[PDB]
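Q: Could you have a look at this structure, given as structure tokens, before my questions?
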Amino acid sequence: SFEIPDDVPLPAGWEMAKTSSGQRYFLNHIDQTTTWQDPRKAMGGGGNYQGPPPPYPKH
């Protein structure tokens, strides 16, 4: 139950970013991909997102 701290950066090579301009997601510099969910997640819940997340925006 370790209180989840909202002041803790994402994993390694991660960076919160937004899509072309409207959906917030998390970039992955390790797997060179993006994320509709926050890495600070755990277990599972369910639900669909805005579709498949493309590779974070170049640069």
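Residues are referred to by chain and number: the chain letter is A, B, ... according to the order shown in the structure tokens, the number counts from 1 in that chain, and ligands are numbered separately from 1 in the order shown.
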Need the shell around residue A:32: protein/DNA/RNA residues with any atom at most 10 Å away, counting only C-alpha atoms. Skip same-chain ones fewer than 4 positions apart. Format as an NGL selection string?
A: :A and (13-14 or 27-28 or 54-58)
Q: Go through A:22, A:40, A:49, A:33 one by one, measure the shortest atom-to-atom distance of each to residue A:5 using only C-alpha atoms, and give the residue with the smallest value.
A: A:40
Q: So what do you get for atom CA of residue A:29 versus atom CA of residue A:52, distance-wise?
A: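 Distance reported for this atom pair: 17.5 Å.
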Q: Give me every strand (DSSP E or B) residue in chain A, going by DSSP on the backbone, as number ranges by chain.
A: A: 14-18, 24-28, 33
Q: Restricted to N, CA and C atoms, what would the selected residues look like written as a short mmCIF file (atom, residue, chain, number, x, y, z; two decimals), in the first residue's frame?
A:
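Final output, saved to again28.cif:
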```cif
data_model
loop_
_atom_site.label_atom_id
_atom_site.label_comp_id
_atom_site.auth_asym_id
_atom_site.auth_seq_id
_atom_site.Cartn_x
_atom_site.Cartn_y
_atom_site.Cartn_z
N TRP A 14 11.84 7.72 -19.79
CA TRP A 14 10.41 8.06 -20.00
C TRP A 14 10.19 9.57 -19.93
N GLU A 15 9.14 10.05 -20.54
CA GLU A 15 8.88 11.52 -20.50
C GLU A 15 7.43 11.82 -20.89
N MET A 16 6.69 12.45 -20.02
CA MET A 16 5.28 12.77 -20.36
C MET A 16 5.24 13.72 -21.55
N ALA A 17 4.37 13.47 -22.48
CA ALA A 17 4.29 14.35 -23.67
C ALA A 17 2.87 14.32 -24.21
N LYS A 18 2.56 15.12 -25.19
CA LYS A 18 1.18 15.10 -25.73
C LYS A 18 1.21 14.70 -27.20
N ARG A 24 -2.74 13.53 -23.84
CA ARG A 24 -1.47 13.46 -23.07
C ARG A 24 -1.03 12.00 -22.98
N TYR A 25 0.23 11.73 -23.16
CA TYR A 25 0.70 10.32 -23.07
C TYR A 25 2.12 10.30 -22.52
N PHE A 26 2.75 9.16 -22.47
CA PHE A 26 4.13 9.13 -21.94
C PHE A 26 5.08 8.56 -22.99
N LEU A 27 6.13 9.26 -23.28
CA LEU A 27 7.10 8.78 -24.31
C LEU A 27 8.05 7.76 -23.69
N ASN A 28 8.52 6.82 -24.48
CA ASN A 28 9.46 5.80 -23.95
C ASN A 28 10.77 5.88 -24.73
N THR A 33 8.83 4.29 -27.82
CA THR A 33 7.37 4.22 -28.09
C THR A 33 6.64 5.23 -27.22
#
```
